[PDB]
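A single chain, nothing else alongside it, follows as structure tokens in the form described as "closed state" in its entry title.
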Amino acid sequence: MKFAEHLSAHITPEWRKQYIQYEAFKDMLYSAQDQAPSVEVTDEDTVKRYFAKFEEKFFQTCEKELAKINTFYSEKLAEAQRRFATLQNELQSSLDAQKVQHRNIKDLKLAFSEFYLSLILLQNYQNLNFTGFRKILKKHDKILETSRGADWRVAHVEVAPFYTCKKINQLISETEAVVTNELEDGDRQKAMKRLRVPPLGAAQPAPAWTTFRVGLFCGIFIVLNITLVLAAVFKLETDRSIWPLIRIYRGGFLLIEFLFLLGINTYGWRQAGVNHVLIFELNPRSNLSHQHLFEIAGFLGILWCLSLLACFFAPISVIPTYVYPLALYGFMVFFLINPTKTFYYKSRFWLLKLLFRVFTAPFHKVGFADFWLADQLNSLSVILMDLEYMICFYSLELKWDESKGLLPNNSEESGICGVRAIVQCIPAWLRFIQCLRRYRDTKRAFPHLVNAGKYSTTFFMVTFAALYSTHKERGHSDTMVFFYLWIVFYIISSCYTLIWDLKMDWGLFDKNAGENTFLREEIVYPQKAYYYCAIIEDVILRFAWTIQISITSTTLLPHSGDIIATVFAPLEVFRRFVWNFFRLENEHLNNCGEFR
């Protein structure tokens, strides 16, 4: 509960291999002390010899660590000096060409903010490495009852060209002078507000009020869920179709679950070290922690349960029950498109810019955030089918003349209410067109043309499912050829998406696995059982995702298809939750998508 965990939490994740390696030294010291011979059953000269050999070993490995740190610091400082040179040349060129321009100035501001962050990170590297050297030499002096630790400290560590190099501080002062004089016309307060680096990474605890709001929204949600179960068992009339209600309130629940699991994903990414900040292109001084995602999910789930309870209980008699789902989803939309500057404005508007860039995306160049949201839409595809069902049900099947709305006595439609497939492929189409744009951009046909057929398989599966459904509904003869076609494309799609998940989305099953059998060379998440369980769960849940797509866009299994979809949709959201971890891990470790 000291500098070991302080070091693990304050390490820059991409430079983890070039730090002090505190725990190795600690284990070396403890093992040396443990296997020390006796003091009177053995010879004292042998004890002196053993302790001298251990001292030699310790100082050899300490010299190796110091050399590593010096090499890394020299490389990084040279890089920063070159970056400052080119940035000053760019600013000089832009400002003398000044006598568009706004975009140029914004990009210069952003480049100077990222140059400052690298300097701050290198400074923190220096500080942590020096403090780790002092603490471990102190532990050596304490464990062995000697003074060679502080001797080696004063002799070697405080001469090293990484503790005596006051060149990063000059660079920081120079950068501040540049940003203040040439980019802000004085006004150092505004420059430093843009340049100052808050304690980042796993090194910040969320405000107590955010955690209290998480806990408050979670308790209300829990009690309202208990109340929903009790009101479903004891208050729903036993002569009405509750299935329209289930279909309407299914998409909201999937959204709440997705936000909860995204919060858990953010916690795992922040803890294991894989920084979604650099991959998503978020600014490192302001991100959403897992607490904010948990709070958003809890609020939206509170609203969901309140609307469902109002549907079950019908509190007031003037307003019919179909207003409650409308109200819930209208508030959900008004939360997202809130034009004021309140309630997570930066996050919501980043998300809206992303949604405009994924729903119109043969024209925008694909980043990682444009790809992850279009991949997450594949799991949240039942939300679009729920929206289409809500529109169809309110336009064609709701009476509007009786307060008892969503729950009708007995009546149906042709299927359930063509355009129930198109709205299943929509996200597959987005990802297909994005992969095509990426191929056109990079001209590298392997990762992009492959992974475009990955979604053409979904296209073909939905098409042939719908064809066989309509042909078995009207009792035709060429129905069997279509059933075999659908089964072959189901197998093809399941294996295609399964191989891509494990091979070049997660990186697993590589030739250089080493001792991590069937895994990557370097794993980030602690337990090895996490990866094997994830493999098994993805194998199970990937096959029971194409089945749901086939059964949602069809008319077969009318009674059991809805139970199937209701059970399998949160399972698919959980599958995407599991997929996020290892996709993000294999993007930090190896560009898997060639972004960056």
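One rule holds for the numbers: they count along the sequence shown, beginning at 1. Take the two forms, find the largest set of C-alpha atoms that superpose within 1.5 Å, and that set is the rigid core.
We do not show the form described as "open state" in its entry title, though everything after this point is about it.
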Core-aligned between this form and the one not shown, the sole member of 441, 412, 521, 281 showing a Cα shift of 2 Å or more is 412
Can a Cα shift of no less than 2 Å be assigned to residue 339 between this form and the one not shown, given superposition on the rigid core?
no
Per-residue C-alpha change between this form and the one not shown, residue 566, threshold 2 Å, rigid core fit
no
Superposing on the rigid core, do we see a C-alpha displacement of 2 Å or more at residue 512 between this form and the one not shown?
no
Direction of the Cα shift between residue 550 and residue 456 in that other deposited form, where the change is 3 Å or more
farther
Distance direction in that other deposited form for the C-alpha atoms of residue 234 and residue 558, relative to the displayed form (3 angstroms or more):
closer
